[PDB]
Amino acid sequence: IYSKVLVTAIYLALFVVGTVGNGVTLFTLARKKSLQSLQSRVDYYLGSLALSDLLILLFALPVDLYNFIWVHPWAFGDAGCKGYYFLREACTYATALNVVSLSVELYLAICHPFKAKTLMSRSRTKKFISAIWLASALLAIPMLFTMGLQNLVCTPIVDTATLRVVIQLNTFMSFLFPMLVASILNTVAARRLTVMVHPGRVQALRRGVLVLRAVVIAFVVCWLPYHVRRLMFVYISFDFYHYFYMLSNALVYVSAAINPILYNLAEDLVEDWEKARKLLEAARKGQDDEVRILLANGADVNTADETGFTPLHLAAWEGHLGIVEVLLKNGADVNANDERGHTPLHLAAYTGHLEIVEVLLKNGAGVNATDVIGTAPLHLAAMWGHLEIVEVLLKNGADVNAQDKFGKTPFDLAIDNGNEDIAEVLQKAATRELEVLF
């Protein structure tokens, strides 16, 4: 009683946010104008898959929601009968060829960049996608002859042999072949790209491969069970099949409806990650030009790596004052900690960059700040033997006696590594503390 009503609520809900979701996606990518060519041609293939997803929701779902679900006689006529399975057939090819075409174009860009330069174009892609949608429609024409009305049911109008033949050809070159081709190229290209990686066009590639990875997986998730259902008709000849048929078909509508919401959601999340990742690399590498541009875009000043290394940790460690300066200018945290519990002041004192040590303190770095090891900036300056830094550290209220978990003072470490000059400074500095205390 409430079962049929339960599906209605879901199937109608999928139609609303699905039609709109894909609709919004089609208008979004239309107005979109990326400077990198690959970014555009990728989004033309995404826009092509959004149409395929939209057509399925507008034409097929209503026929399913009523005849297939709600009201178990055929009420759409032979024109609508042949049309339902035509459009549904046409969308599988359209989706399949796009998934392949995208992977081919994307593969070429990575593995044959110079060959691709002479071949690929926004113009040719935009045209070629029209040719896809034609071929998709032509390959779907057979299903017009393969279906008809009978006694009132839109049942097949050809032999089981000819029916088992078309589903075989359908499932082969509208799922099996494309998945196979996409999976091979998306693996060969990915391997090449991580090797090439180990800028604008290279950024578009990293995005493009990330997209195609998400596309193919999403494509395989929903269409596999659908094509598995089709495979049954070809080969197999108790009541689980009926349950599998309904779930496999329903999954297509769910995917088509949520994918635009997901893609839009995943984009923003990965965009946040990619911008943040870019800054960490840029700060460590010393490419100040990027860092300045990345900050304006809206990258998090207090991003952290797997270790817990923020831009200020990397910039101070590598010794890029220009970056350390602009990082603090864009509200970077001077007292930020990593895994071990090192502050930028630890790493600036470690490397020995005097100017950076001064700036960190001037912007309010913790001078006695201790890590889990028990070590402090003064220990690291004495350790490496930076006689200039120990001076400016001692100036800014540094605890000379402060010992670590190894029971060693900076004066001990200074004496240990036999930096005679630096060791004499701490002795005199320590004496002053006794007079100050007394």
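One-based numbering along the sequence shown.
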What size is the break between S237 and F238 in terms of deposited sequence residues left without coordinates: none, 1 to 3, 4 to 9, or 10 or more?
4 to 9
Per the entry, how many deposited residues between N151 and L152 lack coordinates? The answer is 10 or more
Entry-level comparison of average CA B-factors, 112-120 and 280-288, reporting the higher stretch:
280-288
Mean C-alpha B factor from the entry: is it higher for 379-387 or for 40-48?
379-387
Out of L102, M246, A218, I132, which shows the largest CA B-factor listed in the entry?
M246
Which one of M232, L345, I261, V254 shows the top CA temperature factor in the record?
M232
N297 by Cα B-factor - lowest, middle or highest third of the modelled chain
highest
Among modelled residues of the same chain, the CA temperature factor third for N417:
highest
Would you check the entry's CA temperature factor for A316 and let me know if it's in the chain's lowest, middle or highest third?
middle
Taking the values exactly as deposited, rank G397 by C-alpha B-factor within its chain and report the matching third: lowest, middle or highest.
middle
Among all modelled residues of this chain, ranked by Cα B factor, put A161 in the bottom, middle or top third, i.e. lowest, middle or highest.
highest
